[PDB]
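So this first bit is one chain, no partners, the form deposited without this ligand, shown in structure tokens.
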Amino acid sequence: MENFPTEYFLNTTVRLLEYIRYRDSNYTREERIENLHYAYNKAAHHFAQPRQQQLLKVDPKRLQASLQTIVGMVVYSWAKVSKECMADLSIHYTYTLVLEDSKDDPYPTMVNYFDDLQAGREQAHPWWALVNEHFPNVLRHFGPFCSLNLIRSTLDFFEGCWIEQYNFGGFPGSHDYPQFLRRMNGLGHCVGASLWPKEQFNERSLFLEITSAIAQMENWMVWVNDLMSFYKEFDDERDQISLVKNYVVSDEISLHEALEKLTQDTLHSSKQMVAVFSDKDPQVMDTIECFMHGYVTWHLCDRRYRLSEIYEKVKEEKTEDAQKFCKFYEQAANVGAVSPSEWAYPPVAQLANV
């Protein structure tokens, strides 16, 4: 298909928000600004240090833009955790996002990975050097079990980027490949487990709840991100591999059938999220619910996804979906539309030179 499935897309999005019970919360705009700036400020100072500036090969502007998108994602989705926790997670998820910019073959730097790890010697790959050095600031917020999940998921992600460098959508007929890759780079267990700071939750008392949340949130989070991203990726001849495009190549089905598959998985996952946790520990359901809502709000407000375009184009249609959509959208903007000048300053590069 060449024309974007605007109608089909709107319907799915509306069903999605309704399933997760998208609705206003007590998390105010002023509170978001307060959190956005705190998280951004600590992270910016971190990436501005000489060592970080040295080992992390990234274009300054790309770094600035990456840091800002991640800070917004964390502050909006991990609504219930402390300012420090939001800050430390912002730094970690900015490291992960930035690794996708590397085109350098990991092979030479991974030949002695285990031996250096076991012996406690700094890793040859600079990214690992920075990420493992900083990890304790993230792990200090969690119990041993959740920490193990963050560590595994980040290791998986590193392998994920390695594979991504081959721009391989899978062999025709390799049905297990698409999701195999999406899980590898989705950071599902990192996200799912970072929602439970030991300061607010008891890892041993809620072990079953948490484990279940990690398992379910893993797929909800990656599928929602894929769906919300479908619009910006539609015309991007630069983005050649994605869950949807890989479904097409590996399963040998049409882009529309691929999008349908994603839609069914996303809705089903949303439905089961609510069915399973609504009657469980209220604190757990709150974190889960606020994450889903924040995650959606972030996608709707961040320019990167350009959903503002879908809005503009259908804010005058009397369709049922088009209207339900614009309402949800306006709701997001209301609390999420914030000018970067209100929190993202000064730029990282500025702090770096000083």
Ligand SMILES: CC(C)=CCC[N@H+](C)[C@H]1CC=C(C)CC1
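A residue's number is simply how far along the shown sequence it sits, counting from 1.
From this point on, the text means the form deposited with this ligand bound, which you will not see here.
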Open or blocked, this ligand overlaid from its pose in the deposited bound form onto this form, 2.4 Å backbone/C-beta test: open
Site test, 168, 177 and 256 vs this ligand in the deposited bound form, non-hydrogen atom cutoff 4.5 Å: no
Heavy atom contact within 4.5 Å of this ligand in the deposited bound form, the stretch among 129-137, 271-279, 242-250, 96-104: 96-104
Position in contact with this ligand when the complex is considered in the deposited bound form, options 311, 38, 328, 295, heavy atoms within 4.5 Å: 295
Heavy atom within 4.5 Å of this ligand in the deposited bound form - the one residue of 263, 149, 225, 216 that qualifies: 225
Contact of residue 157 with this ligand in the deposited bound form (heavy atom, 4.5 Å): yes
Contact test in the deposited bound form: residue 305 vs this ligand, heavy atoms, 4.5 Å: yes
Contact flag, residue 210 vs this ligand in the deposited bound form, heavy atom cut 4.5 Å: no
is_contact(residue 187, this ligand) in the deposited bound form, heavy atom dist at most 4.5 Å: yes
